[PDB]
Amino acid sequence: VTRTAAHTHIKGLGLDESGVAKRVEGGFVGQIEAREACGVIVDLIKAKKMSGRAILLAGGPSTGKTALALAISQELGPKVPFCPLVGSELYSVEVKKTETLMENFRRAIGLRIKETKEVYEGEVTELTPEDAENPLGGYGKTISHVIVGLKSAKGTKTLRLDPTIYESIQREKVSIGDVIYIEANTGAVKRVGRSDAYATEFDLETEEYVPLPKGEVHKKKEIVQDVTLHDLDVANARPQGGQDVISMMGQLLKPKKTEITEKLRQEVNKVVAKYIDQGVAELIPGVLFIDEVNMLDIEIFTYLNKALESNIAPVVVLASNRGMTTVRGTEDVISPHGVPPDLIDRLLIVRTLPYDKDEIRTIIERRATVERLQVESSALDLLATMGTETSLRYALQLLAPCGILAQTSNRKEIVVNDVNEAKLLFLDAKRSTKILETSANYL
Amino acid sequence: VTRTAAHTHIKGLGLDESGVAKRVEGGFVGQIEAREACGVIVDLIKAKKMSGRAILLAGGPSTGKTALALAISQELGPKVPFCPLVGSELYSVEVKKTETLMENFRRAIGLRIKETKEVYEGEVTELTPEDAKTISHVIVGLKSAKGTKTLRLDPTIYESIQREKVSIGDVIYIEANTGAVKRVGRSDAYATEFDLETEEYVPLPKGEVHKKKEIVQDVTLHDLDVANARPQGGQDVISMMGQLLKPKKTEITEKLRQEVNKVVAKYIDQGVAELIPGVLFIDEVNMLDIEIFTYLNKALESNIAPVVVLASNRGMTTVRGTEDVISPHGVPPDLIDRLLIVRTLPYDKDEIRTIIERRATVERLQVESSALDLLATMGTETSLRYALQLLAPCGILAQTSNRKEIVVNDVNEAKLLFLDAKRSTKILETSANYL
Amino acid sequence: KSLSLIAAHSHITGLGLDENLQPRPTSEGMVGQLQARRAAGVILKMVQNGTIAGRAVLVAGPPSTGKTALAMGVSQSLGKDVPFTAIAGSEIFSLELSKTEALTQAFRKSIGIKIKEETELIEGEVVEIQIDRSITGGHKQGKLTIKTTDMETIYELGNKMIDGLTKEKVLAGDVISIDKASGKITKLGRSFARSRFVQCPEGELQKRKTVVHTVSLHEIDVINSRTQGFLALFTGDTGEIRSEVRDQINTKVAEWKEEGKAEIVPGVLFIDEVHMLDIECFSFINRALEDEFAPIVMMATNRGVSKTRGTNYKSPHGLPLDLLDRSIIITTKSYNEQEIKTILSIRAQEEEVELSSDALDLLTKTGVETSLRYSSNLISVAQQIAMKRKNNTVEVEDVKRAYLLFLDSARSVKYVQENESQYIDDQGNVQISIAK
Amino acid sequence: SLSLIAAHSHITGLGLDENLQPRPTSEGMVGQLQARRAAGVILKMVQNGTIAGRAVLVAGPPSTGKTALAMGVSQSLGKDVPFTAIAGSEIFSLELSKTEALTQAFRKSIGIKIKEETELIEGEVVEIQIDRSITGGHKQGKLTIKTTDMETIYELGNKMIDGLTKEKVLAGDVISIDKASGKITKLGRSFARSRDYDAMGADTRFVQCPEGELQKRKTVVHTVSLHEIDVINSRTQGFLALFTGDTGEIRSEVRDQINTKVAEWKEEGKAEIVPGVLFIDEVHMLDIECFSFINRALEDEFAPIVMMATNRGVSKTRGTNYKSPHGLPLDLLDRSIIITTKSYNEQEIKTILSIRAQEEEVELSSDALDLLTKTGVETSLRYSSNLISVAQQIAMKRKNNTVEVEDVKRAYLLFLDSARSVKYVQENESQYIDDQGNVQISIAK
Amino acid sequence: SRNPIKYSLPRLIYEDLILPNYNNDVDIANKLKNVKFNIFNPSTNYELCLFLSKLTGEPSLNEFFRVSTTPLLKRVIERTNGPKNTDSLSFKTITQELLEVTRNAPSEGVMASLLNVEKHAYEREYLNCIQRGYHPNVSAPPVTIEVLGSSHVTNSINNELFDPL
Ligand SMILES: Nc1ncnc2c1ncn2[C@@H]1O[C@H](COP(=O)(O)OP(=O)(O)O)[C@@H](O)[C@H]1O
Ligand SMILES: Nc1ncnc2c1ncn2[C@@H]1O[C@H](COP(=O)(O)OP(=O)(O)O)[C@@H](O)[C@H]1O
Ligand SMILES: Nc1ncnc2c1ncn2[C@@H]1O[C@H](COP(=O)(O)OP(=O)(O)O)[C@@H](O)[C@H]1O
Ligand SMILES: Nc1ncnc2c1ncn2[C@@H]1O[C@H](COP(=O)(O)OP(=O)(O)O)[C@@H](O)[C@H]1O
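Protein chains in written order, with the UniProt record's numbering: chain A, 21 to 463; chain B, 21 to 152, 161 to 463; chain C, 15 to 209, 220 to 460; chain D, 16 to 460; chain E, 1077 to 1241.
Shown next, in the form of structure tokens:
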């Protein structure tokens, strides 16, 4: 029916109205203090008043660090922007890692804008261009104006254009009897399609036929747009959508990230502030989640020390699973979690404890009832023994071969013999390492 | 009013007509032998007969190597091309370091062109073109405040006039030699045709229409190298928007070099151009990679190479990019054998005190004699540069208490407020958690 | 204007100083560090005089002890019209710009050129626009009546200005500003006539406005360079500007200063965590400071006897001794209990959080015992736990709950040292399973 | 007139006899008799042209004359034979690979010689009239072409007319048309019409009106290396990449096509193969990959004779961890014949300093020359070779013509060599920055 | 349509650094670096032009100086396939010989089908009837430049931004 991939049994933190975490809610088992801290920073983000506040999820493997990040992402909803990231993302071959970090910082600051649009739409009735006196005079255009007759429901207008809007209009290859959509904000036009007032069954151009647009030709409509600040920086860095030379030429060069200057960010922030102060725009800060923060080298941490002190900084969530590991890019600096102490002083470390055997068993129960599999209680106890003996993830990823070996024997339930056969077929890390030690030629 | 930045108290090497250096002349105190050697090198440069002459002045930090190179550049005048360079700047992400080394070599060879500037400006009163669809010429009349003057024009300048949207009554600018056309604006006599108009109204030029002026153009060989080597294409007159494709620096080949050289030599043989070789000055030569030293080996054997001046503040130091090559001043023994080493000496208390007095009187500061003795004692005890840098906070603290003189109390307060390297290191060693 | 939610340095209004450069115990959001504040005031006065150039000053001390706060206060007391570049140590390791090119751009971004120019403008409220045209539109005649609160007039317009008025459509009751020389008509909105909104302009219609323009030398370098346009200031694709244009803009700036058409404005370049630049960057720095068109470089670091990058030895503060010889060093000190209490009270006032006195004392005690920034984060964390219990004043129990939930450096490294077997060490060894 | 006094500009060829016996002092260079004989044998190799892909190696101490020997063989090579000189640091580029950089350095030094017959008609235009047919497909033109001595009239085709409308002439410009090939150029405007237009313009220029016979016969020999053919063939407009170095990893198939067509042109008889020498300064700092490409590319037919210079001893090779003789591995050294340049004595140093003084227009007394020879005996030779010019500058600082003992002594006192500077460093090591950066700036303990 | 970001500029920089006038030598240096000292000038470097015309086989010896003095887009637009004489060093590649034959070749031909695999992939996977998935969020024109009191700035900006060619 659906598709599940190591997740989607988590719907949220599952807290009460007072912030106290229930034991089994939202697909979570245990981690009561971690879920309470995640709820506290959920209320901090929903307060929408703080900038440059960061937490660090510390713990072993298979303890629920990334699951907590998906939980806060689901608890905030899709309205607040969430930017998942990995420590290996920032090493780009087209721009420096500082610029990639700043772009991902600006990609977590959303913006809601109620934008008005001037729209001229209707069915094209006439199309008559007037020529110039000297078309080969070097300067000037070939034509002077273009008369367009637009007719919609209960309205009919005659439009006299410049050459410039007509270049974009004839770029779409419109004709007589096609309904168009002249957006007067950017000058961009859209060929809506053929009209069904004329014939339909005599075309070879796989066309679509739309009726006459309701209302008058000239319109002013309100559109609610949800953009980020990084999209504004990108759109001003590589400008497209105007009716000039560079706006054409920007859509045909190969896309490439550039080092966005700080002056452009100031100008974007100034016009965003004047949008908010007019009552038009609304600022929605979000979360930048960086999984495996220990993969970063020392220079990105050094720039993070400044970027967490900026005034439009988002809330950053880091996850690490190192005890006492030297930071990459250095030789002698030994630091907790692979995170240097000058940024660790700015963090708020949240500890994530491991699980007990009963927690393993009920996590296996939840993953069996999410993956649409029915298991016996003896096989459930055997898989709890797997989780407490080898790994939690090894017991998690052995449900589906057990189900398939049950289905190939024409059965729905899973028995202990199925788990024994799945033991015989598939190995774990410990048994593979054990067969790697007593090996003939590097097995 | 005036800006002083660690220099500008020196104006030259302060020598006499026989090449002997005096005690305190030209802003230089002490260093007689290095100054006389630099004067000999300056005279060799002014002889304009030798190529690839390379010297290296070596000494301790804060001894005056950059001041000596600055004095060489001041003694040579602004006519001679001077290229300051720091050995870290040769490392580039667009071209190889040796290409930048040759580019900086050819930035130090200059040319002198005696050109003319003929300018017609004024209000257009008659723009009458005649053809035979192909225009033959156009008679253009220009009017200024001292009369009018008629001009015949070629059709290309007429096409450029049509490009600039020039009508009757527009004050225009015509250069005769290159055909440059600039529209200043409409004349002020046509400002009342409309009560409100989008055109700007400039008055008549108060001078004559025809203006002749003799100029002197100074270009370098690198400018002519980069003028013939544009990969995207030639730029227009005004491009306020940029090129659509970004022009990066290119591997300017050797084939362009003798073609530019033979064009320059043909212009020199006609007497139009005058060749002035100059000075390439590289500071912190120890920061160079050994491959740049290898290209400095072969680039000093060329026929057009300038005089190369290197500076270093190192002793027995390993060369960059190597493992087991310990060599003096960070320079490999291949390059030292082609160099002439100029010794640089440290100073005593009297030269330090007079240097501090000169730096105080160039910054318009009044110091007492006891404050000057304390400044000399501080300069001997800690560093000369520390005592030089503490002169201006002393002036600030003297201006704070509404006095025009610096006393001992200001010196003690300023030495308490700011610390040198030694006191900060002593605080560093006896501190627990990262100072 | 200048949007910001809450910054870590948002409480620093400026340097707290008197008329005799004497630091107050508490003023403008800065408490403590009297000698460092006096030294930064001396730095600020030397920048304000502008008579010198290229003096490097280094700020060093223990971490989380007023280092970046001093530079924030310096930039705040500098005010507008003076440039203040704030780059980090990792900001110059680019892929399209070399380290010396990035440092030269950062140097030339911090010196201003101040030009005052005068332009006539027409700004008023449009009463009525009458435009008559022929059948083919060969000639268009237009009469525009326009008014202020003090006077009104009727203007006869030519065809170009009619073309500039039907473009960017101006109706009755709108207020516009007209640049007569360039034809730039900007609609400021609508006036007070409903039957945006902005008041009708007063005084004379033709106002002579003198606008004081400031610009950086790096801005004029890309403009005078013909390989790239002005968009390289915005897309950051200047791409290794040559030096031959730099001598041209330097000579033209000197000529403008001699002729009185422009005046120089020196500024401050601030580099925080300067201990991460290479030795090549320092070798460029120590000669870039000996030029007349150079700013006052503020350097900040917290290392002590560390390895210099690009070498094998160790140097004091991560910098070689020639650059330390060229620098004057401001040393910052640690904080006592009273200074930490006043800092936390300032952060509580700035974050709109009401605190109990005993909760403030507990926060001060745990700030002394662990860290200033840990208390400065818990002081905003605990307000949400207080609002979960629905009361305004944060009590001791909320701070205790926030201290229990969110760990600090020492408790976390103690838990890590207790459970080293469950984490991944330097050899990549881990034990995930509970039993055996 | 754009060549000042270089490091070795006195050298003009190899001072040899007809029996390849080196003269003791002739053609600018002194001594090195076995090296001169071997370089003359290599000169006969290149001028014979019947061999390809041979590597030699001049190896000696510093300041001995390996690059002097190669400069002599370049000057005795003569014109129209390609000689390119690169360093070991030229190969390491950013956007361009190393092995293709040796490919370009190999193909820059082997050329083909072509010739053609050019019949130039260069003069000043008097009047061009055009006859147009009713159909208009073909247009006849009458051109009145003029020089100072005689003027004639030619008939033109339609392609002449449409090529003359481009780069438009206006009855008084000077052009040159080839009768054989139809090449069209606009040389500029004649000086007789310099005062007719009152404003000079931008796209034109003034040159003098040519004189003499209008039809001039002249053959022109073009020597083109294979690199120009590769860069031209690689692009639609390849001369810009030829002059800006934006070739960018030319493919192997176009090189194979160019090699095959050059071979069939040699078989046809249009072109003849002119080989040359590739000379590499300081070949010890090439990577081992560069050495692998060097020892493979010397077995191809279109490969020049490569000569390399090395002044290192038994040092390490870059890219590896071992040490090899001359800094070059053993699989390259057996693909070479070794040239050894030996150190000089007092007589050869005296003769070289005398030649350097005579070439630099510096006159020395006998005792000053003997003192400079003694200084070049105890120190190296280039120290004296700079001391002569410095002492000359001191000599006209003294208002004296010749260079005496006092000028040489003052120049020796003012400027230091390597050994005295090493002694001054090692006796004052506290004031100088060491390997670990420790220094004592202050003068008071 | 105008960009909201306004980059103000003083007049003095434009008059004294870009526009030629009597007190500067922008035009004189432009003539010196583009016309007189150009290595493709046939009045001073006729031998190099003859060498390059022997190489490329161009019929006009003034074409290299024309190419080096015009921008890239103007060179792209009026590029005309003029005839080149066969007695030249310019060749034909193997790939150009495959490409020139298959310009007007119809289907069911060996060279045409082997040289048009991308159009066969286009019509095989129904690429002319697939809906657009992605659209950009923000679209902006290039940054406007205002100079208070200079119509030449507006004329040059309108000429560059709306080039008729
Ligand atoms: N409290 C929990 N309830 C249910 N499943 C959990 C819980 N904690 C962890 N898991 C499961 O354990 C796996 C590891 O979690 P994750 O955070 O993604 O990686 P790690 O814990 O190694 O950082 C996930 O697949 C998740 O489904
Ligand atoms: N003879 C002198 N007269 C005046 N000032 C001097 C003299 N020698 C050195 N100085 C000063 O010493 C300072 C350091 O010298 P500089 O050349 O800049 O660095 P370094 O000597 O380390 O290369 C300079 O500011 C210069 O003004
Ligand atoms: N004098 C002061 N007044 C107000 N706040 C201060 C003061 N000194 C330090 N702080 C606070 O201490 C914190 C750490 O200081 P900061 O300069 O950012 O770090 P570092 O000192 O490591 O560079 C900052 O958030 C700052 O607000
Ligand atoms: N045999 C020689 N005859 C004349 N001059 C020589 C001779 N050998 C060396 N020289 C001169 O010595 C100078 C430096 O020697 P060089 O040839 O650079 O040594 P190396 O070949 O070891 O690099 C050169 O300018 C050269 O003219």
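Note that the Cβ used here is the ideal one computed from N, Cα and C, for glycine as well.
Excluding residues up to 5 positions away in sequence, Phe102, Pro104, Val307 and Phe309 lie with their Cβ nearer than 8 Å to the Cβ of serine 93/A in the same chain. If you compare the alpha carbons of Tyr295/A, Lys66/A, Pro98/A and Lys69/A with that of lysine 31/A, the shortest gap goes to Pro98/A. DSSP, reduced to helix, strand and coil, places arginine 204/D within a strand of the structure shown.
Legend: CB atoms of the segment 134 to 167 of chain A lying less than 9 Å from CB atoms of chain B belong to residues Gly157, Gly158 and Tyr159.
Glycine 103/C is positioned such that its CB atom lies no closer than 8 Å to that of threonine 206/A. The C-beta of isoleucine 1153/E has fewer than 16 other C-beta atoms within 10 Å across all chains shown, which makes the residue exposed.
Annotation for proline 374/A indicates a beta carbon at 7 Å or more from all heavy atoms of ligand 1. Counting only Cβ-Cβ distances below 9 Å, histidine 238/B has no contacts in chain C at all, with the closest Cβ about 26 Å away.
Per DSSP, reduced to three states, the secondary structure at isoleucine 30/B is coil, with no helix or strand assignment.
Annotation: Cβ neighbours of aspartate 349/C in chain D (cutoff 7 Å, chain order): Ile456. DSSP places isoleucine 367/D inside the alpha helix (DSSP H), whose first and last residues are 361 to 374. DSSP links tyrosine 201/B through a beta bridge to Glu141/B and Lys210/B.
Short of 7 Å from the beta carbon of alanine 128/A, and not among the five residues preceding or following it, lie these beta carbons of its own chain, in chain order: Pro101, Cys103, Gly306, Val307, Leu308 and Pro334.
Taking 9 Å as the upper bound on Cβ-Cβ separation, chain E lies near residues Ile247, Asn248, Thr251, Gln252, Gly253, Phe254, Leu255, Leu257 and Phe258 of the segment 245 to 261 of chain D. Counting C-beta pairs with one atom in each stretch, the segment 75 to 87 of chain D and the segment 336 to 350 of chain D have fewer than three that are closer than 8 Å, which means they do not touch.
Residue range 230 to 240 is occupied by the beta strand (DSSP E) that includes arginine 232/C.
Contact annotation: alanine 74/C and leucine 338/B have beta-carbon atoms that are not nearer than 8 Å. At a cut-off of 8 Å between beta carbons, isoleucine 288/D makes no contact with chain E.
Only those residues of the segment 438 to 451 of chain C whose C-beta falls short of 7 Å from the nearest C-beta of chain A are listed: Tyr439, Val440, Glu444, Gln446, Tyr447, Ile448, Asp449 and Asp450.
Among the residues of chain B, those whose CB is under 8 Å from the CB of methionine 60/C are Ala420, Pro421 and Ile424, following chain order. Here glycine 343/B is buried, its C-beta having at least 16 other C-beta atoms within 10 Å.
No residue range can be given for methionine 70/B, since it is assigned to no alpha helix (DSSP H) and is classified by DSSP as neither H nor E. Contacts with chain D at 8 Å (Cβ-Cβ) do not include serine 112/C.
In this structure, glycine 84/A has its CB closer than 7 Å to one or more heavy atoms of ligand 1.
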